[PDB]
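The block underneath contains the structure these notes are about, expressed in structure tokens.
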Amino acid sequence: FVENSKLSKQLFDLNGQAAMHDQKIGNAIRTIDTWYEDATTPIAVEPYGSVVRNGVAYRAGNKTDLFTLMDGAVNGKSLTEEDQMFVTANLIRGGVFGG
Amino acid sequence: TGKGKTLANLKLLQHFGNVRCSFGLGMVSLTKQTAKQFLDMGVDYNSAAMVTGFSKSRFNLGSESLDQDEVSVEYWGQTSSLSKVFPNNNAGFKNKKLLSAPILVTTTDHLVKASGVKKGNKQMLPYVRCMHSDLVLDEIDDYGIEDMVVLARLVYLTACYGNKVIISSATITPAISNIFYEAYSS
Amino acid sequence: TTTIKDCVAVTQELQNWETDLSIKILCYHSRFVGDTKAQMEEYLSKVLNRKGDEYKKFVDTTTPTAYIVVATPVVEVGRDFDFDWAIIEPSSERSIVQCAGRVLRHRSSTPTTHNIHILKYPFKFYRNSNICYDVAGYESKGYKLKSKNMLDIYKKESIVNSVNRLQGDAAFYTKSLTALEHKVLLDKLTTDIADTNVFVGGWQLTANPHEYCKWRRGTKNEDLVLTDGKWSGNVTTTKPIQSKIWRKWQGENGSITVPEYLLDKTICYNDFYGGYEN
Amino acid sequence: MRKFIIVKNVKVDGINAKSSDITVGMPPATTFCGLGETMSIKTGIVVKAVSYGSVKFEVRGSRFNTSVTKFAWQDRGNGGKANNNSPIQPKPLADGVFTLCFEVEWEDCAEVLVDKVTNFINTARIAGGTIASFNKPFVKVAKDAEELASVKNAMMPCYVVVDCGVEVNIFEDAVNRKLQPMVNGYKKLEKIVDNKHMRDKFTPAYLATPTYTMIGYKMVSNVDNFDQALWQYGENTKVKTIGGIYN
DNA sequence: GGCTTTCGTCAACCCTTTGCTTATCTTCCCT
DNA sequence: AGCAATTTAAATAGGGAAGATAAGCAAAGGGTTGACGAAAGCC
RNA sequence: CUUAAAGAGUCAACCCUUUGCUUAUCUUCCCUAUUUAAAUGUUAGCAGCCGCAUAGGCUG
């Protein structure tokens, strides 16, 4: 990401050598979420099923985001294996889940 | 404006007889305009002398033969008898046009040095010019305040030898008209 | 307008001004090279001549067009110009009367509503609110207007002629432009001898009236000279906005007169508008 | 046609800051008018008005209390008590760098006028304070009003005193309109019948209570009319500006 | 007959914690 | 032994995450700055 | 002759200690730098040999 750089597109140049970000790779590890509502393709494991590119969050407003399933599991609501696997996948992804 | 002020000034000068005047005007181009009016109405270069002391390189293009414009610096004129008392027979072209002109259509800075100078003998030529010639200052309101002060000094010096001052300004302020009258009265 | 950078500010605003009107902009100040300046003069004298319809052939009058000339006080002195209308930045009342004399100078048709729109403030108000009319005006440090609002110091609707300058008023000079003008004129060109005055006596013997009363007292004024396209000093030719320029004459020789204050920075000479601060 | 002589950067220390009972700080225009008439007496150059500005001024003390002066046992007959500390009467002290501009009328060269003002100032005392330093005074003339402003701007940098007048009284408007009060003169209460303990025995003497006007500090260039900063002795046993009330 | 020294006489609070203003600058013009 | 050319255009947009806390002590002194009135030796 | 005239504020010092700002992030797509042209300015001031010459001449 650049702003004032007098150059339109930079590249991640680890010591000159062309490289790609670890977050790019780690996002591609966690592109396993095929368990949302309109499940046609795997999306990146996110607390909201959110993608910047498509401009939509596949798990927002329809009670399958990570926070409601986490609250549910904690309380006692039996999480379905896919929902359980999604919550576990977000836990090994990481992130602040408080508020 | 547009009523022919400078032509009326020449008419007023010629009402008293033959004309001997210094048309001191601001700007080079306004002196060029008054010279062109003087040329096309009745005045030749044996009586008129347009003086702009910078030798500007503004030439007329298109057709030199079909111009009928661009009043120039020749002054066939008549050399006055005062040139023999000036240094080295006055000078070349410029001071001969200054001193010996019956009608001197000039930029005004060739006349305001008559009132005096810091260093040198640059006072004598406009002094002896304004001694025997009338003074015609047109649109004196466009000058600065110190410029108008030294112009009224020139008016006082011109009136010191009986010559006639023609001021031609439409937007005159009583103050200006008054102090120019008081300079002429002194 | 009043000064050169004011003129290029009005020009650069009007060139970038989005409107349905076909604005065609000229710059007409005094800081210009020998060639360029002279060319502007001859063109303007032959297009603003309205005693006949010979100008219809020097401009494109077929298409409805706004031919706008942004100028400094070089237009209000010695110019036989005839504009349809003028917008005046206020500096002095004799400037108002002279730029009224540049509108309908050759015609005799009376205007119906209004042919002059006077600006509310000079542009030096945003730079110096203490004194703003001193540039090309008789306001100064000794003669300060109490208010700079032209509703306070001028009539809102007024037939501008020589009458306000011809009358002469010394009272209320701190809140009207005309009485400010008359005040200065009687307080500098007075019937005294002083030292820089007009009745000077006793001092003609001295060098004082030629030192403290300097004819054409200007600023230092050094001359940056253009020699065959190559400038001399710190000039740096630039490129104008090319939005609405109607006429632009090029120059190769000549000289520009730059004050020593603006010699510090580059005067940045340009083909369209001469000198500015950039 | 007006003539002025300006003494710029008059560093004075030990100024008696007690302008009156209720004013402590900058010396009022009665002090500088008294300085002007003092030179009218010693040097003979008769002074109409004085325009004074403050370059720097600090009252000695804190922001709420002035530093009192350790008094010396100088009265007669209190020996024996001289070993103890002398009792302190209230006289605040201050330092001040001033710029003075005297309206004078002179008929000789400017060099002897500058020399006379310098010889006065070398023996002068601004508000009870020793004049520590001062620049060489320079003469400037106000032929017209633009020349009056030239003299005005020649005192740069200084904060001159402009009179803003009394509406109701001093305390009220000092809070309301926030202007500064100072002694513009005095009010005579009683004729003094005992001239034995005075400076002159023939000069008539009156007990006085200081009248005050309300004033503002404006930089000399921001003052429109220089007559509103030139204080002079008015004929109401007070001092006043030539330009009257600053508006 | 003042006159100068030293000792005795008479008191009693409710304080608050920076701005005041805020600096002396270029158009014409021709040489 | 100086000569080194000109114009033309420099990217639109979408985002700059909230949730937590921000210590409690104990100190902060007074020492001089009194003028009238009244006894009371003393020139 | 400016609330004029006049005046020593001195001294002294232990701010202590303590500490988890952690957490997870897709910058990304897009595309014509195009076309010219004398390097001139003598462009070199040399190689032998005639000589005491680093004086002066000759040879191509």
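Letters A, B, ... mark the chains of the structure tokens in the order given; residue numbers begin at 1 per chain; ligand numbers begin at 1, in order shown.
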Query raised in the report: Neighbours of stretch 78-83 of chain D within 9 Å (only C-alpha atoms (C1' of nucleotides); same-chain residues fewer than 5 positions away dropped), as a PyMOL selection string?
Result: (chain D and resi 72-73) or (chain E and resi 5-6)
Query raised in the report: Leaving out stretch 25-33 of chain D and any residue of its chain fewer than 3 positions from it, which residues lie within 10 Å of it when counting only C-alpha atoms (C1' of nucleotides), given as a PyMOL selection string?
Result: (chain D and resi 15-20+36-38+47-52+54+57-60+66+92-96+100+102+126-128+161+181-186+212+215+230-233+238-241) or (chain G and resi 2-4)
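Atom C1' of residue E:29 lies 25.5 Å from atom CA of residue B:75.
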Query - Length of the atom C1' of residue G:30 to atom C1' of residue F:11 vector [Å] - result: 9.0 Å
Report task. Using only C-alpha atoms (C1' of nucleotides), select each residue of chain G with any atom at most 12 Å away from an atom of chain D, and give the selection as a PyMOL selection string. Result -> chain G and resi 1-10
Can I get the selection written as a PDB file, in the first residue's frame, with N, CA and C atoms (P, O5', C5', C4', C3', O3' and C1' of nucleotides)?
ATOM      1  P     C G   1       9.860  73.499  38.480  1.00  0.00           P
ATOM      2  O5'   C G   1      10.376  72.089  37.956  1.00  0.00           O
ATOM      3  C5'   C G   1       9.496  71.206  37.272  1.00  0.00           C
ATOM      4  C4'   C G   1      10.060  69.812  37.173  1.00  0.00           C
ATOM      5  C3'   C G   1       9.979  68.988  38.456  1.00  0.00           C
ATOM      6  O3'   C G   1       9.717  67.626  38.136  1.00  0.00           O
ATOM      7  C1'   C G   1      12.240  69.191  37.788  1.00  0.00           C
ATOM      8  P     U G   2       8.436  66.894  38.768  1.00  0.00           P
ATOM      9  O5'   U G   2       7.714  66.235  37.517  1.00  0.00           O
ATOM     10  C5'   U G   2       6.438  65.625  37.653  1.00  0.00           C
ATOM     11  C4'   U G   2       6.406  64.261  37.017  1.00  0.00           C
ATOM     12  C3'   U G   2       6.613  63.090  37.974  1.00  0.00           C
ATOM     13  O3'   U G   2       5.826  61.985  37.544  1.00  0.00           O
ATOM     14  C1'   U G   2       8.291  63.060  36.315  1.00  0.00           C
ATOM     15  P     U G   3       4.397  61.708  38.217  1.00  0.00           P
ATOM     16  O5'   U G   3       4.699  61.716  39.774  1.00  0.00           O
ATOM     17  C5'   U G   3       3.644  61.543  40.706  1.00  0.00           C
ATOM     18  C4'   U G   3       4.162  61.232  42.083  1.00  0.00           C
ATOM     19  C3'   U G   3       4.848  59.879  42.227  1.00  0.00           C
ATOM     20  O3'   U G   3       5.839  59.976  43.248  1.00  0.00           O
ATOM     21  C1'   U G   3       2.954  59.949  43.621  1.00  0.00           C
ATOM     22  P     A G   4       7.327  59.431  42.996  1.00  0.00           P
ATOM     23  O5'   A G   4       8.169  60.739  42.670  1.00  0.00           O
ATOM     24  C5'   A G   4       8.546  61.037  41.336  1.00  0.00           C
ATOM     25  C4'   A G   4       9.545  62.164  41.276  1.00  0.00           C
ATOM     26  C3'   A G   4      10.792  61.996  42.126  1.00  0.00           C
ATOM     27  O3'   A G   4      11.784  61.232  41.469  1.00  0.00           O
ATOM     28  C1'   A G   4       9.897  64.174  42.413  1.00  0.00           C
ATOM     29  P     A G   5      12.697  60.196  42.283  1.00  0.00           P
ATOM     30  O5'   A G   5      13.217  61.032  43.528  1.00  0.00           O
ATOM     31  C5'   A G   5      14.383  61.833  43.434  1.00  0.00           C
ATOM     32  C4'   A G   5      14.709  62.433  44.773  1.00  0.00           C
ATOM     33  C3'   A G   5      14.896  61.438  45.910  1.00  0.00           C
ATOM     34  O3'   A G   5      16.211  60.913  45.975  1.00  0.00           O
ATOM     35  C1'   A G   5      13.389  63.130  46.580  1.00  0.00           C
ATOM     36  P     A G   6      16.603  59.595  45.146  1.00  0.00           P
ATOM     37  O5'   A G   6      17.555  58.781  46.126  1.00  0.00           O
ATOM     38  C5'   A G   6      17.775  59.209  47.462  1.00  0.00           C
ATOM     39  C4'   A G   6      17.399  58.131  48.445  1.00  0.00           C
ATOM     40  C3'   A G   6      17.195  56.753  47.848  1.00  0.00           C
ATOM     41  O3'   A G   6      18.416  56.048  47.728  1.00  0.00           O
ATOM     42  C1'   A G   6      15.350  57.298  49.235  1.00  0.00           C
ATOM     43  P     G G   7      18.534  54.776  46.763  1.00  0.00           P
ATOM     44  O5'   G G   7      18.391  53.550  47.756  1.00  0.00           O
ATOM     45  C5'   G G   7      19.207  53.468  48.917  1.00  0.00           C
ATOM     46  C4'   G G   7      18.562  52.655  50.014  1.00  0.00           C
ATOM     47  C3'   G G   7      18.243  51.207  49.660  1.00  0.00           C
ATOM     48  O3'   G G   7      18.428  50.385  50.810  1.00  0.00           O
ATOM     49  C1'   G G   7      16.263  52.315  50.296  1.00  0.00           C
ATOM     50  P     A G   8      19.758  49.499  50.966  1.00  0.00           P
ATOM     51  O5'   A G   8      19.358  48.080  50.366  1.00  0.00           O
ATOM     52  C5'   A G   8      19.436  47.824  48.967  1.00  0.00           C
ATOM     53  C4'   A G   8      19.733  46.378  48.661  1.00  0.00           C
ATOM     54  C3'   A G   8      18.727  45.362  49.197  1.00  0.00           C
ATOM     55  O3'   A G   8      18.556  44.313  48.247  1.00  0.00           O
ATOM     56  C1'   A G   8      20.886  44.888  50.057  1.00  0.00           C
ATOM     57  P     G G   9      17.280  44.313  47.271  1.00  0.00           P
ATOM     58  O5'   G G   9      16.036  44.133  48.247  1.00  0.00           O
ATOM     59  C5'   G G   9      15.505  42.845  48.533  1.00  0.00           C
ATOM     60  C4'   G G   9      16.427  42.055  49.427  1.00  0.00           C
ATOM     61  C3'   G G   9      17.060  40.839  48.773  1.00  0.00           C
ATOM     62  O3'   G G   9      18.355  40.628  49.322  1.00  0.00           O
ATOM     63  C1'   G G   9      15.746  40.143  50.604  1.00  0.00           C
ATOM     64  P     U G  10      19.488  39.957  48.414  1.00  0.00           P
ATOM     65  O5'   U G  10      19.080  38.419  48.403  1.00  0.00           O
ATOM     66  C5'   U G  10      20.026  37.396  48.665  1.00  0.00           C
ATOM     67  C4'   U G  10      20.144  37.119  50.142  1.00  0.00           C
ATOM     68  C3'   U G  10      20.015  35.675  50.565  1.00  0.00           C
ATOM     69  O3'   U G  10      21.199  34.947  50.327  1.00  0.00           O
ATOM     70  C1'   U G  10      18.828  37.086  52.069  1.00  0.00           C
TER      71        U G  10
END
**Report entry** Residues near stretch 176-183 of chain B, cut-off 7 Å, only C-alpha atoms (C1' of nucleotides), skip fewer than 6 positions along chain, as a PyMOL selection string
**Finding:** (chain B and resi 152-153+155-156) or (chain C and resi 185+189-191+199)
Query raised in the report: So what do you get for atom CA of residue C:111 versus atom CA of residue C:10, distance-wise?
Result: 25.6 Å
Report task. List every residue of stretch 26-261 of chain C that DSSP, applied to the backbone, labels as helix (DSSP H, G or I), and write the result as a PyMOL selection string. Result -> chain C and resi 34-47+54-57+93-100+123-125+150-153+163-167+177-188+208-211+260-261
